[PDB]
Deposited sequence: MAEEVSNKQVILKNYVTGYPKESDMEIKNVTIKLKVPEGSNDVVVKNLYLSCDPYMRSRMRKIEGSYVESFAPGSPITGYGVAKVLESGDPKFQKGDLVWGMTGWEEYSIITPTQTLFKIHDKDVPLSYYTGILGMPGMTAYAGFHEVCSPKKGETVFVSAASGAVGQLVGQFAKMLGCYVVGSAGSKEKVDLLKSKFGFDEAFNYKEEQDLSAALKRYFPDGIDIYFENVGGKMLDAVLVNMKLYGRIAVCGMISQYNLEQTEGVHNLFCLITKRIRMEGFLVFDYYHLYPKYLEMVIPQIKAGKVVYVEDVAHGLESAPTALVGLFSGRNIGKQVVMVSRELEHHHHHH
């Protein structure tokens, strides 16, 4: 069997406050590229690793990461060997993998379309795209002409939700944390309006300015004070898809008077709809009708920085790490 050096990003310890580079280290080991006898494991060479916000919670003790082992997360990989009938040497796959050059994956999606850049299978064609589609299309049951608000709108998820809303004929407003993200939202992603929540003294007032007749749909990435501001601005029968949250919420009585449906979901419950997502979004990508922006960090050695950078909000759009070229 092939035996190769394997660079890994190890969680050195659980993190309490500011996740920092020094909470991870690079370890170099030797791996044999062989399906373990008996198993239906898959042996892969990792090509891209996604840096996704949910991973931060996994660095603290609560399934969390383990000190001493590689970080894991969504990625794109090429199969080298397989004990699973459905994958063969040479297949391209996306799903959960290790933060390392080669992983052994236990019981993952096969990639069929390679006309698109492979990096997209960490964003629009991967979990963030499926998340936006599940929350917006499935949970909010949106209708043409409805008004839509997205918090953390410059994120991997939010930027898609906004474009999907536009594609449907909705009026769409986004919230973000810098001048440059706000301009990106309007100038690159086609949000009708956007605002820097940091510059507003009164979030409810600011939502009222952009939604004079109220909000039909909130794509919730934030919670707390932002949610309170959304609640008093919702239209009757308004819908809130609770995707992510980052202060006590005081305005829940608005759920009654406005008859709001507020509903949490997890993307992995909707993966049986992924083919039907690919059929909607792939042509849009081709017709240049849905755009995507991303920061690409190069090499595993840059991965600790990239991850801390994402957690920090120090980057524009989706953060990814390219593990190797080709």
Note to self, deposited ranges with zero CA coordinates are 1, 64 to 68, 114 to 116, 256 to 263, 344 to 351
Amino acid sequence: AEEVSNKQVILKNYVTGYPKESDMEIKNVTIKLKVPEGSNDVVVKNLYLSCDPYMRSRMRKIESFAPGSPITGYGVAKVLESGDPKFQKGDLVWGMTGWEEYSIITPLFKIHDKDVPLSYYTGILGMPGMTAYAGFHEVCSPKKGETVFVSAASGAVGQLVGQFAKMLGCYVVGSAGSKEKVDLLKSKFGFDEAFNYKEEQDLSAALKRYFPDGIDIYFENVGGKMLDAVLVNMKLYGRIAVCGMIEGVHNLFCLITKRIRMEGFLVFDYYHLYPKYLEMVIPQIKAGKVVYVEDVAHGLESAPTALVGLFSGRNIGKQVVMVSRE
From here on, numbers count along this sequence of modelled residues.
When the C-alpha temperature factors are averaged for each of 194 to 202 and 133 to 141, which stretch ends up with the higher value in the entry?
194 to 202
Would you determine, from the values in the PDB entry, which of 81 to 89 and 249 to 257 has the greater average C-alpha temperature factor?
81 to 89
Per the deposited B-factor column, the C-alpha that peaks among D52, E279, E263, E301 belongs to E279
Which of these has the highest Cα B-factor in the record: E101, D183, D228, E146?
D183
What third of the chain, by the recorded C-alpha B-factor, contains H272?
highest
Taking the chain's C-alpha temperature factors as the reference, tell me which third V76 falls into: lowest, middle or highest.
lowest
For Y292, the third of its chain into which the C-alpha B factor falls:
highest
Going by the entry, which third of its chain does the Cα temperature factor of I217 land in?
lowest
Going by the CA temperature factor in the PDB record, which third of the chain does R56 belong to: lowest, middle or highest?
middle
